[PDB]
Amino acid sequence: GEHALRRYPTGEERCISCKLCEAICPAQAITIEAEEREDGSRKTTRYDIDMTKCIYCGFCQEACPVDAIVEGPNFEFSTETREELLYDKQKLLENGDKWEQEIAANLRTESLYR
Amino acid sequence: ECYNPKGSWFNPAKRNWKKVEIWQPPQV
Amino acid sequence: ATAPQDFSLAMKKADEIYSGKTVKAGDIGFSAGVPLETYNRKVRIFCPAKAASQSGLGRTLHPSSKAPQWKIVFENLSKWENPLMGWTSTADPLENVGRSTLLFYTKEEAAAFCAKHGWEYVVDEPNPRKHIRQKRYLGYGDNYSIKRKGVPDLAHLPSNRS
Amino acid sequence: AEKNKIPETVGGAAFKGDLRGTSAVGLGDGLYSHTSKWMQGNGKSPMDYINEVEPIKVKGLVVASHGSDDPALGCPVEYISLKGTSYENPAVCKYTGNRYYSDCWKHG
Amino acid sequence: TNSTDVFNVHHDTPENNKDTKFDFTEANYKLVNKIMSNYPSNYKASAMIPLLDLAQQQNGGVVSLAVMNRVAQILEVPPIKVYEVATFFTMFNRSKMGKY
Amino acid sequence: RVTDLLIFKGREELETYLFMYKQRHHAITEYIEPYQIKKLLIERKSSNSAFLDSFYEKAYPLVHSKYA
Amino acid sequence: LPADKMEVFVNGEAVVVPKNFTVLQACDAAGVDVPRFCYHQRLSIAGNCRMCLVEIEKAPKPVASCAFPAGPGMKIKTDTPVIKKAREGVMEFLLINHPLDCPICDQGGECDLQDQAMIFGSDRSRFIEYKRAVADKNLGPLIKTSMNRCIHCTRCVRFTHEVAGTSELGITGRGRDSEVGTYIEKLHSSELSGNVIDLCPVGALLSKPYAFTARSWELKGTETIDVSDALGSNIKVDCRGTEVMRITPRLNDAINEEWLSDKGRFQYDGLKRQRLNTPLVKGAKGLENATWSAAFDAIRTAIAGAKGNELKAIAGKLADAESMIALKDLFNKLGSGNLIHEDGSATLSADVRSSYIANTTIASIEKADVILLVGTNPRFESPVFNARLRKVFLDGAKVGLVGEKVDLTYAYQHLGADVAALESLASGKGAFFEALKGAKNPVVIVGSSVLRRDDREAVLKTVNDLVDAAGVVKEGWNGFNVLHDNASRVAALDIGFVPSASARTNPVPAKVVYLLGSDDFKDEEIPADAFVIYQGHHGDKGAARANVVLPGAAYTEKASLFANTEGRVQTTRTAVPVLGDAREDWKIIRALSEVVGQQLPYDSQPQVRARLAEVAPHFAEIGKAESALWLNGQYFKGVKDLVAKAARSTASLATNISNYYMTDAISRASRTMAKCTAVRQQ
Amino acid sequence: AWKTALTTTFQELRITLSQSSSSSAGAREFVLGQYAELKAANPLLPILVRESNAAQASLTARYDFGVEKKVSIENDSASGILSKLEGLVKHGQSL
Amino acid sequence: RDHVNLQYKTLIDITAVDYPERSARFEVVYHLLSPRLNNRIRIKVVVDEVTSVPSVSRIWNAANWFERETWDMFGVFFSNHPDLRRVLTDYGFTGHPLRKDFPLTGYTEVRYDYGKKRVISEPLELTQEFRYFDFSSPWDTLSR
């Protein structure tokens, strides 16, 4: 369903800007640009997904090595303007925060199979 | 009317995503 | 350099058996049906040089390489940033076609294609790569040669000292 | 000031005085911090979260870091050198940002 | 259960650091000259190990950074070579050593 | 041969209108409107040469201009 | 098999190779590609990685191709199953202790280790033990270290010793805990430091400025040249969208073997800062936004007042051939001959090409037996050129310097520090003179400092006296070379961008000064009441003193011609589009020519190139260096009275480059260069 | 005589020639024999000798205000080269 | 089709492949089925832009639309075709899209204008350009 960037339990984002999800995206819906953070971490300065270009294949969730990007269980995300459907890093992180427990339970169940 | 992109007119600090800093002429 | 000895054999054989009929330069471009201002664009026919990060010779024009390595590329045009999302916007229809799909085995093939469509072209030959080691380190033995500091002076010998 | 300052790294996972790898994003807008470029609010940043977490003492000269507690539900396994590490200057997991330090090298 | 040296890089210590000065004593320097005479003049770097052993014996059993730099200056070689040789071999102790 | 192909394609263009494949608005947009626009156009004869005008207009002359 | 050539069999196919090749060289000649990690063409053979193992029927066990000499009638098998198994085993040993850092490694899309793992390795592992761990250390502002990812090849150490010559890196340790780096905390001092990053196969050494910013597949590469100095190093500029992300060298054995200096590699940072985007016209409120027409109108009103030599042109370090020929034609049409170059060697004669170019090609300096460096610090002027002089020093060439004592990587004989020593050497009183005379291939290199000297004529006459006495110029070998520190100097001399007879004879206070990218002008050049037009791409000392500022494209944004110190004409490409309301410089000058009432004939880039071909035929031969007829002696016979007129100065032959990292406007804008300068000055 | 007057007449003088060619042999003789004398008479005048292998021999003089007159010097003896330069000087006098 | 031993009663499809490196760019491919032999055969005719291929519709009625599609996508003319017309592309389309020299996005774009109450075609502008990711390895050998 709706995409969501995830955080570690400490509150640090899981994303390490490998940029594999952008390379595997069949529709080219993900644009990523990154930098070195002041502490020294490899972190993204931009992570936006076009939900009017997404095909919800789930390939990006497959390619991510740290489980940073997941397709959440939410299918109620219609909008009244197309601009609200161009997600960005802050919106994706907020969506990950809102659905954290459900996503974690689904991932714990799914880990057994794969 | 809660979420809009950062380049939107509604955004408090609207962003022009220019990747080059421009020289500011000296005063007077 | 020996032979691929695979489907490329039949590929080359289909090439040498068959041939194309000669037409005046630029006539096919009218048959193509694309905007005629496309052929006003200038063409550069070049082979990419090797990336400095990697030491593989596949991308270079080397006897190891069996893939087409000569590209037709068009000149770069204006690019801007989307005011809303900062995406890179363009108006160039021919931005990625030449890099992505226009691959040719030989420079004359790309020149023939350009002359057939009517594109003006400039062919740039790659800088020659010769795998010649320098005389100082021509071989592994040269690393431990007397060249480093000269023949050992024997004036330190006890017989020579006394 | 930030307009003419050299981009520098605080040094948690880097050194105190190094250059910071920087792209040109935000250069026109006037933002020169990593978090400013992507967060427009005044809330707590994830870097503020990771700084709040304290370094953890371990035994040995190498610690295996899987990010999370379960190996297959976190970062790839990583082996971090604990030599020359203390509470003030801990080693860092690049994937997670967790900080570690050990006293074993001092023969303890 | 690691031995004296756990570091293959220089660990700054109040005893061992850049300001520390080591030089051969005059008698030890005469021994240095006799040691060097055994090897050809142009290939003078051949004496690196005997000189490092002599400096270790003089300095109480520790090969410090000043010792390595002094040996490198005497042999007219880049200091990294003396660092590499002092790190390769076992007898060279680069940490403080006891009486025995 | 190229002439033959071009003639066949032009015959196709005629047949589209003749067989009602294309519509009235297509004919308005692609033929009648531009021709009428050209007649209604008033322009000042530019004293600047062709180079100066394109130089003032854009950096890359090869890129098209819309709504000129 | 003519003489030196032998025959070898590789996989049952006959290959004819010289006797001095190895097994790997013949395998490359055969079209077979052997897996390598530690072997490098321009570095000493190591043989440590053991990934090149092939089979020789004569030998019982597999041999390393890189270090095995090939023999007549040798049969080489690179596809035997034993070799496949050995390749897989070596790959396993390479990967057992490698960190699982592929997502966070900046070598992710460009790693030799990954690619050879896929091609020549197994798909699965059997290692369950603890991996080795290393603690990284600072090597400077430009190099990032992840020594855990380090496979113990010796490419960085061999480069630092043989090529760079700072000899700072080594393998300290024994066995598995052996580590690479300075044992002490030291920062890599060579200006060729960036090359270790490219030489590193497995991302252990990485570029700190280009850290976590992009991946390889995202970048579009355009092959262009470096204007940082007059070497004209061939580079590949990688761009994402409208941003240049990184600059890396290209192979050109003629000029830059495969090495790039740090300034050229890391000056792209200053291409995003202090940029000029719009025309600016001065008012009471200062420089303000203006359209192209308004700026041209102001320039027209200014030029109307000035007449003849009152119009003055100063070209910059980064001006290209087309903009300079445009400005030359426009100002000659207006009636001015006051065309000078900012360097300070304005009056240097452009009459004979042999006088101001390196007549010996850069490649041919390899064959030099004795080299004399006059008033030049080749390290600062061109680090890669100093690398080649180091290569010839390694062969056994004897090098003498007649300038100030400088820290060249190699050892040299200090002949003297002042002009009088060169005078004595030219007269024939010197042991080094008897070495220059004896040598079969003598090379004399004169630096740009001698050209920017108030007594350049007599110093050049003394150098020519030495040339004639020692016979460095002979049939089949011209040993006279002049090294330049700027890209635009040789082109400006070639086109004829030199003050005219009237300008030198009767100096006229300039009323309008045109700056073609000149931010290094001497302050006396502008009379301080002149109307200054600055055309350029960064805001610097030039733009601050401008009544009208005309934005122009940079070397990354324009297709322009530059001439090397050897005179080889090379051309740039448009890597990224032009920013804002800026234009190509020759188009700006031609538009201004139309505005002012003297329209220039050319209206297209090929027409400009044809005009360049007319003014100098070699400009038509892009990519080829043209030989120069040795006319230097006739020139000095011509200028007899003038060289007598030239006096003596109380200055010693020395470089004019105070700080190497900042020498032009782009470098001064760069933040990375500022950090490098601060690190050196501490 | 007229060799003194090149400076007054010409703003610059260009001698294009081929490095090794039969057509440019006369130009090579002209440049390697009279260039020193012409420079001695006109020290401050820029006489630019530019050469390429495929270059076609020519003698070009630039007068005031950018007026340029090109004279082909191909397959002409060194004396003819001198005559052609004299004609260029006379043409400059006409202006 | 009609040989007793070889009875390829069916034409599965007709296709063309553009090879710009070759002088004879287009390779027209015919795929057939013999139900009796339970076998598939592939027939290739190598042509260029100017030459034409005789229509085989009289042998197999299914060919008509397949040859019309080949004409539309690649520009290969088929002689004696009953009515050779474009099938897939928009009315008024003159370019042949599957040619390797045709841009992926094309040359024109379609929008409705309020001023002229018509849907109109305009030159292409892209808000976000197509990003070509070059994944090729130097060490690869399978590339021919």
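Per-chain residue numbering starts at 1, and chain names A, B, C, D, E, F, G, H and I are given in the order in which the chains are listed.
The rule we apply is simple: contacts are C-beta pairs under 8 Å (C-beta built on N, C-alpha and C of every residue); 3 or more make two chains touch, one makes a residue touch a chain.
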Smallest number of contact steps required from subunit E to reach subunit H: 2
Number of hops, subunit A to subunit G, where each hop joins two touching chains: 1
Partner chains shared by subunit C and subunit F (touch criterion as defined above): G, I
F-I or C-G, whichever has more C-beta pairs in contact: C-G
Per-chain Cα centre nearest the global Cα centre, belonging to chain: G
Whole-Å gap separating subunit B and subunit E, where each centre is the average of the chain's CA atoms: 61
Separation of mean Cα positions, subunit F and subunit B [Å, integer]: 38
Between subunit B and subunit C, centroid-to-centroid distance (C-alpha), Å: 41
Distance from the mean Cα position of subunit H to that of subunit A, given in whole angstrom: 74
Residues of subunit I engaged with two or more neighbouring chains: 50-51, 75, 94, 123, 125, 128, 130-131, 133-135, 137-141
Junction residues of subunit A - those touching two or more other chains: 16, 23, 31, 33-36, 42-43, 46, 65-66, 83, 86, 88
Set of subunit F residues in contact with two or more other chains: 1-2, 5, 9, 59-60, 64
Complex contacts: residues of subunit E adjacent to subunit G: 8-10, 18, 65, 78-81, 83-84, 87-89
Interface residues, subunit G side, partner subunit F - complex: 291-293, 577-578, 582-584, 587, 590-591, 594-595, 599, 603
Contacting residues of subunit C [partner subunit I, same complex]: 4, 6-8, 11, 14-15, 17-21, 23, 28, 31-35, 38, 50-51, 54-60, 64, 66-68, 79, 82, 85, 87-91, 93-97, 99-105, 109, 112-113, 117
Parts of subunit A lying in touch with subunit G, wherever the complex brings them together: 16-20, 23, 33-36, 42-43, 65-66
Partner subunit B, residues of subunit A touching it in the complex: 83-84, 86, 88, 91
